[PDB]
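Chemist: Residue numbers (the numbering used here), protein chains in the order written: chain A, 6 to 92; chain B, 20 to 145; chain C, 20 to 145; chain D, 72 to 264; chain E, 310 to 359; chain F, 1044 to 1094; chain G, 25 to 131; chain H, 25 to 131. Just so you know, even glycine gets a beta-carbon here, dropped at the ideal spot from N, CA and C. Here it is: the structure, laid out below.
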Amino acid sequence: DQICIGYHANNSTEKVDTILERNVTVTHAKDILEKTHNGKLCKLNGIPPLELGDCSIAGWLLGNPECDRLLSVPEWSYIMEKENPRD
Amino acid sequence: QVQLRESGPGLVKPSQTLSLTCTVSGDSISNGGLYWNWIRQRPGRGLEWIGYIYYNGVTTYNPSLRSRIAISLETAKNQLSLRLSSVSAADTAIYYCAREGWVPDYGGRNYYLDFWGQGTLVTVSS
Amino acid sequence: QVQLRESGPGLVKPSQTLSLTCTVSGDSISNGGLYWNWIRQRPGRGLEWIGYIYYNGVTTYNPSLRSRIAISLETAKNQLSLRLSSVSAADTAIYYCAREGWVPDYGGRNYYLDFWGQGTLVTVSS
Amino acid sequence: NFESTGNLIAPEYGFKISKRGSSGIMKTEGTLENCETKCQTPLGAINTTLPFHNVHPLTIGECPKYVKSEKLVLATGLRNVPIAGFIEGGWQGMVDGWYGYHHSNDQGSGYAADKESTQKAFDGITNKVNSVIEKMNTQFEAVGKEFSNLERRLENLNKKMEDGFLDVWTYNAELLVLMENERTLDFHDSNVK
Amino acid sequence: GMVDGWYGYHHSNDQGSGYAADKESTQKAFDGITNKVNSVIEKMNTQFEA
Amino acid sequence: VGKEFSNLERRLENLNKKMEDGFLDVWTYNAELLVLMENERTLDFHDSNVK
Amino acid sequence: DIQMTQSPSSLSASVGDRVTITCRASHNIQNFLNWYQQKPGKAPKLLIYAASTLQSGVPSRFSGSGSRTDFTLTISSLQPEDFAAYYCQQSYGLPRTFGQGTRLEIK
Amino acid sequence: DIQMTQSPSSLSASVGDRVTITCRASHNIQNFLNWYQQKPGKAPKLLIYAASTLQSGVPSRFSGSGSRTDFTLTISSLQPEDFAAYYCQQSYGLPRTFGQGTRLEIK
Ligand SMILES: *[C@@H]1O[C@H](CO)[C@@H](O)[C@H](O)[C@H]1NC(C)=O
Ligand SMILES: *[C@@H]1O[C@H](CO)[C@@H](O)[C@H](O)[C@H]1NC(C)=O
């Protein structure tokens, strides 16, 4: 009897674009773009950020009376500051 | 395809808790990775943002309601809910739920509300 | 594959000339386009760079030895040599030869020493 | 040395720099949660294994490159076209490879992969993906800068530079994905032929 | 001879010859080409800028 | 090409450096990518021509 | 947080007229302004997002543009149907805010 | 020329501990710092080149990073075998220099 040459087909619904063709279904694809985040501010490499919150950088370093919790100066992984801080 | 529907008690007495539920249809609440919002309109007044919840439990609020508001979701039913304690006359409003989508941009994701529900009226009275 | 081997007199008397030879094997001394270095360790003390020669005759030295040092190579034998005049007790050291490789970088070729020989001890005494 | 005849606000304390590694200042109104990350953006933490992300231009950590795009997907597989050969579409049965044979005979039929062809193509595809992703070079960097209100020309230069590079890299990332997907699909059709 | 497409057939026969386009092939190629042009030009992003 | 900046111009020095490193990455990328894309096509070109 | 000032408070224009409504932010909101159209009895509809992009299904008569701190909504060829309050939304920060709403009447 | 200061002069740590050794340059050496491991009786082995890249064959427990004037060598999961003097090398200029050498003892 006959020997046929063919290729794999799958039930994949994953689609890709090409220069001259769009919305093409493929059996496999590698999504190379990360589309998610967890919405949280975390400890980078296990070390917490400096949390200024309401304090500005000048407030912190000068010692704004309301930034008295920042006087302990722990190690930072990054500095977290509100846009348009009050203190 | 995406629709948002709302329900609630209609009438809340002063000093009681207001509780509304939004049902999301055609958009999996837990998979989209989108933010779900609550907005309201008091009579006369314009749109006031209430707060939002991410697809997970991370939640943010309008600071003016920080002593009174809670927002949560149940992934199992595709539902969002709003809870306001110590409700008074000022809380009479049309409440709306909405979906927050985005555009990748030069300054980071640029958010907007495309799908809105019909909303519902909550009256606060004795 | 690349190995560096060293030899020399072992003992040098004060005020004599110290002369060491490094044989390069598995790396053509004249074709790689790499720099060949001399380094030493005095007892107690850490690594001190002596000088280097390019695959061609361009040679540079540690300024502290400018009145005493010469470096040269013989392409025919894949050999490097170090010569120090007016040798004294301070020159007792383990001498090493090494190959300088590089990484193309934002600031220009970034040099490092990958292959080192075993080195040899030179004692200066009466 | 300080000297004053009036109007001096003297420091009492100085700040010794005890650690000088890279960090950065992030602008955000959220708070720290009890979680960990290797890469943090103003919108939230990211756990990534891919070369690009579309969360935010600024980040602190060892992060993917940011692009102004909703989607970058590389075909690795075959066009999924659902007793007949490649002309008609893919034999549904094969899971042991990409290209293969039906083998009908008198002992019994049964599909089998062509291991030589699939393996060469397979390595071709994995090398292709690696060439696409290994060419992206990122580093820990405190990208954001602040400018005063009298430095608008410089702020605009800085912004233009950053937007300019984002357009170049977004363009290169999207163009490369599209050019490669076209060639990937031609590659696979060519290999079956 | 042809203006009704890009690729086509001569069709000589005993009733009479006459070229005709292969509409299936030309249309697929045509859309390929217009998509190609759009991919080339739609990727350019400009803005009003001083 | 080289420029010097004072110690009070770190923001500008970093901008300048980022710009130069940025263009180097773009051109290194373009040079390497073009060589690889062309070598793939060159070899296909030759196999195609023999066929 | 960042407050939004919307002006005019109300407009009156004839069918075929072109009008403008503007948004002024108290801070730099970097192309993160959205415009909404609210017809009586309905939830607000998005018209324009990210300063100048129209939402799918929005008539071509609507347009707008802007930059840090200042944006404009332009409505050309006003039709009887374009009766609505129009609102300015600032998506830049977390405590998202809106302007007062401009009431546009069509003659 | 450019001098290198290395600190600590010595370390003592247990097996499984993580330690750090740092390099401080008198000048900006722009990512041109190399780290070497010298076991007694041997020529120094290259561990890290160009501030943070490991040399082929170097165990994954070794890492490091840095920028102008300040670099760190981090050794995690210390094993009995990681007994060595560690040295800072500045490849930035022609009269290449080294730091003093940090002596790390393992318990
Ligand atoms: C892609 O094709 C599917 C049907 O297979 C269709 O539902 C979807 O809308 C198409 N996507 C686009 C962007 O046209
Ligand atoms: C990233 O995801 C993996 C699972 O794929 C998990 O094991 C790991 O802990 C996550 N990383 C962080 C920092 O949470």
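1. I'd like the span of the alpha helix (DSSP H) that includes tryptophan 65 of chain A, first residue to last.
2. Could you give the distance in angstroms between the alpha-carbon of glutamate 217 of chain D and the alpha-carbon of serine 93 of chain D?
3. In chain order, what residues of the stretch 113 to 131 of chain G put their CB closer than 9 angstroms to some CB of chain B?
4. Classify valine 106 of chain B: buried if its beta carbon has 16 or more other beta carbons within 10 angstroms, exposed otherwise.
5. Using the beta-carbon of each residue, find all residues closer than 6 angstroms to any heavy atom of ligand 2 and list them in chain order.
6. Which of the residues in the stretch 81 to 95 of chain D, read from start to end, lie with their CB under 7 angstroms from any CB of chain J?
7. Any chance you could list the alpha helix (DSSP H) runs of at least 4 consecutive residues sitting entirely within the stretch 185 to 212 of chain D, in chain order?
8. Secondary structure at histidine 51 of chain H, three-state DSSP: helix, strand or coil?
9. Taking only the alpha-carbon atoms, compute the straight-line gap between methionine 85 of chain A and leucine 249 of chain D and give it to the nearest angstrom.
10. Cβ closer than 7 angstroms: which chain C residues qualify as neighbours of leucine 70 of chain H?
11. Residue ranges of each beta strand (DSSP E) run of no fewer than 3 residues wholly in the stretch 25 to 79 of chain H, ordered along the chain?
12. Do you know how far the Cα of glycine 136 of chain B is from the Cα of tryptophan 68 of chain B?
13. Given this structure, state the Cα-to-Cα distance separating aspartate 331 of chain E from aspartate 340 of chain E, to the nearest angstrom.
14. Please state if the CB of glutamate 133 of chain D and the CB of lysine 87 of chain A are separated by a distance shorter than 8 angstroms.
15. Taking 8 angstroms as the threshold (beta carbon to beta carbon), is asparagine 28 of chain A in contact with chain G?
16. Examine ligand 1 and report whether any of its heavy atoms sits within less than 7 angstroms of the Cβ of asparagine 344 of chain E.
17. Around the C-beta of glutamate 251 of chain D, are 16 or more other C-beta atoms found within 10 angstroms, so that it is buried, or is it exposed?
18. When you compare the CB positions of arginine 59 of chain B and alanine 109 of chain B, do they come within less than 8 angstroms of one another, or not?
19. Nearest-angstrom Cα distance between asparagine 354 of chain E and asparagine 176 of chain D?
20. Less than 7 angstroms separating the Cβ of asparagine 28 of chain A from some heavy atom of ligand 1?
21. For the stretch 44 to 74 of chain B, which residues have a beta carbon sitting closer than 9 angstroms to at least one beta carbon of chain A?
22. Hey, is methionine 97 of chain D's beta-carbon within less than 8 angstroms of any beta-carbon in chain F?
23. What is the DSSP secondary structure of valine 1078 of chain F, reduced to helix, strand or coil?
24. If we define contact as Cβ-Cβ less than 8 angstroms, is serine 140 of chain D a contact residue for chain B?
25. Any C-beta of chain A within less than 8 angstroms: which residues of the stretch 74 to 101 of chain B qualify?
26. For the beta strand (DSSP E) holding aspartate 36 of chain A, just list the boundary residues, first then last.
27. Locate the beta strand (DSSP E) running through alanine 146 of chain D, then write down its first and last residues.
28. Can you tell me whether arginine 92 of chain G is helix, strand or coil according to DSSP?
29. Taking a contact to mean a Cβ-Cβ separation below 8 angstroms, would you say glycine 65 of chain B touches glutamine 79 of chain G in this structure?
30. Should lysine 142 of chain D be listed as close to ligand 1, given that the test is whether its C-beta is under 7 angstroms from any heavy atom?
31. Quick one: does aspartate 110 of chain B have its CB under 8 angstroms from some CB of chain G?
32. From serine 144 of chain B to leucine 103 of chain B, what does the alpha carbon distance come to, in whole angstroms?
33. Who are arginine 59 of chain C's beta bridge partners in DSSP?
34. If you measure from the beta carbon of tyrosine 110 of chain H to each beta carbon in chain C, is any gap under 8 angstroms?
35. Following a CB-centred definition, is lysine 131 of chain G positioned closer than 7 angstroms to any heavy atom of ligand 1?
36. Taking contact to mean at least 3 C-beta pairs separated by less than 8 angstroms, is the stretch 55 to 63 of chain G in contact with the stretch 112 to 119 of chain G?
Modeler: According to the structure data:
1. Taken as a continuous stretch (DSSP letters only), the alpha helix (DSSP H) holding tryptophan 65 of chain A covers 62 to 67.
2. Taking the straight line joining both Cα atoms gives about 17 angstroms.
3. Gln113, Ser115, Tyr116, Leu118, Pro119, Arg120, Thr121, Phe122, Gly123, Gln124 and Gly125
4. buried
5. D:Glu107, D:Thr108, D:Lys109 and D:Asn118
6. Note that chain J does not occur in the displayed structure, where the protein chains are A, B, C, D, E, F, G and H.
7. 186 to 204
8. In the three-state DSSP reduction, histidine 51 of chain H falls in the coil class, being neither helix nor strand.
9. Our two residues, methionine 85 of chain A and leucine 249 of chain D, have alpha carbons roughly 38 angstroms apart in a direct line.
10. At a C-beta separation below 7 angstroms, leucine 70 of chain H has these neighbours in chain C: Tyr131, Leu132 and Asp133.
11. 28 to 31, 34 to 37, 43 to 49, 57 to 62 and 69 to 73
12. Distance between the alpha carbons of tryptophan 68 of chain B and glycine 136 of chain B is about 15 angstroms.
13. 14 angstroms
14. In this structure, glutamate 133 of chain D does not lie closer than 8 angstroms to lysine 87 of chain A by Cβ.
15. Chain G contact via Cβ: absent.
16. no
17. buried
18. Taking 8 angstroms as the Cβ cut-off, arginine 59 of chain B and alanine 109 of chain B do not qualify as a contacting pair.
19. 59 angstroms
20. yes
21. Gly52, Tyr54, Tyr73 and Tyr74
22. no
23. helix
24. yes
25. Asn75 and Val77
26. 34 to 36
27. 144 to 146
28. coil
29. no
30. no
31. no
32. Taking the straight line joining both Cα atoms gives about 15 angstroms.
33. As computed with DSSP, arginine 59 of chain C is found in a beta bridge with C:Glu67 and C:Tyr114.
34. Answer no: the Cβ-Cβ gap between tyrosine 110 of chain H and chain C never drops below 8 angstroms.
35. Relative to ligand 1, the beta carbon of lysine 131 of chain G is positioned no closer than 7 angstroms to any heavy atom.
36. yes
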